[PDB]
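Below is one structure, written out as structure tokens, with a few remarks after it.
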Amino acid sequence: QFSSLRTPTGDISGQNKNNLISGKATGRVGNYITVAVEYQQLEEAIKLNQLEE
Amino acid sequence: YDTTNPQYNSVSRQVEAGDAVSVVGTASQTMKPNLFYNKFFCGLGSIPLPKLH
């Protein structure tokens, strides 16, 4: 973005110009999202029908 | 011993209070008992195990 100067004759020698100042926006990685489950071999053998569903 | 469904009686009379009982064998002895049975006395089986991931 720039500003301007308002002068009767338009000589700017006694003054200061626009600088050029960069800026930036940073994207980052977040935390993981994790759903975890565990079950005993016994449970799968006798309890676990339809585990898919 | 069942008055209403005598078709199931396994034994010859009621066991009332005060009936004398006893215990077969001697007091602290250790032994190896022999076993008679019919084929359909006791069953035996094994459950198939799924494989771990």
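Ligands are numbered from 1 in the order shown, residues from 1 within each chain, and chains are lettered A, B, ... in the order they appear in the structure tokens.
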
Return as a PyMOL selection string the residues belonging to chain B that are within 12 Å of chain A, counting only C-alpha atoms.
chain B and resi 46-53

Those in range 14-49 of chain A with helix (DSSP H, G or I) from DSSP, as a ChimeraX atom specification:
/A:41-47

Selection above as a file: N, CA, C and O atoms, as a PDB file, in the first residue's frame:
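Generated output (result-v8.pdb):
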```pdb
ATOM      1  N   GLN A  41      -7.939 -60.896  21.782  1.00  0.00           N
ATOM      2  CA  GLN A  41      -8.203 -61.958  20.813  1.00  0.00           C
ATOM      3  C   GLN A  41      -9.424 -62.769  21.218  1.00  0.00           C
ATOM      4  O   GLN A  41     -10.241 -63.129  20.368  1.00  0.00           O
ATOM      5  N   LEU A  42      -9.553 -63.078  22.513  1.00  0.00           N
ATOM      6  CA  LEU A  42     -10.721 -63.793  23.031  1.00  0.00           C
ATOM      7  C   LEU A  42     -12.026 -63.119  22.614  1.00  0.00           C
ATOM      8  O   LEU A  42     -12.934 -63.773  22.093  1.00  0.00           O
ATOM      9  N   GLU A  43     -12.138 -61.805  22.845  1.00  0.00           N
ATOM     10  CA  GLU A  43     -13.329 -61.055  22.441  1.00  0.00           C
ATOM     11  C   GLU A  43     -13.636 -61.238  20.963  1.00  0.00           C
ATOM     12  O   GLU A  43     -14.795 -61.437  20.596  1.00  0.00           O
ATOM     13  N   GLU A  44     -12.628 -61.173  20.090  1.00  0.00           N
ATOM     14  CA  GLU A  44     -12.926 -61.364  18.674  1.00  0.00           C
ATOM     15  C   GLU A  44     -13.460 -62.762  18.404  1.00  0.00           C
ATOM     16  O   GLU A  44     -14.336 -62.946  17.550  1.00  0.00           O
ATOM     17  N   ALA A  45     -12.963 -63.760  19.131  1.00  0.00           N
ATOM     18  CA  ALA A  45     -13.339 -65.139  18.845  1.00  0.00           C
ATOM     19  C   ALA A  45     -14.802 -65.388  19.191  1.00  0.00           C
ATOM     20  O   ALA A  45     -15.511 -66.072  18.443  1.00  0.00           O
ATOM     21  N   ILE A  46     -15.240 -64.946  20.374  1.00  0.00           N
ATOM     22  CA  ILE A  46     -16.583 -65.244  20.841  1.00  0.00           C
ATOM     23  C   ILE A  46     -17.579 -64.065  20.819  1.00  0.00           C
ATOM     24  O   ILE A  46     -18.782 -64.325  20.918  1.00  0.00           O
ATOM     25  N   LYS A  47     -17.135 -62.782  20.759  1.00  0.00           N
ATOM     26  CA  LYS A  47     -18.060 -61.628  20.823  1.00  0.00           C
ATOM     27  C   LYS A  47     -18.210 -60.738  19.575  1.00  0.00           C
ATOM     28  O   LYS A  47     -19.117 -59.905  19.557  1.00  0.00           O
TER      29      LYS A  47
END
```

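Excluding residue 1 in chain A itself and any same-chain residue fewer than 6 positions from it, the protein and nucleic acid residues within 10 Å of it, counting only C-alpha atoms, are residues 18, 19, 20 and 21 of chain A.
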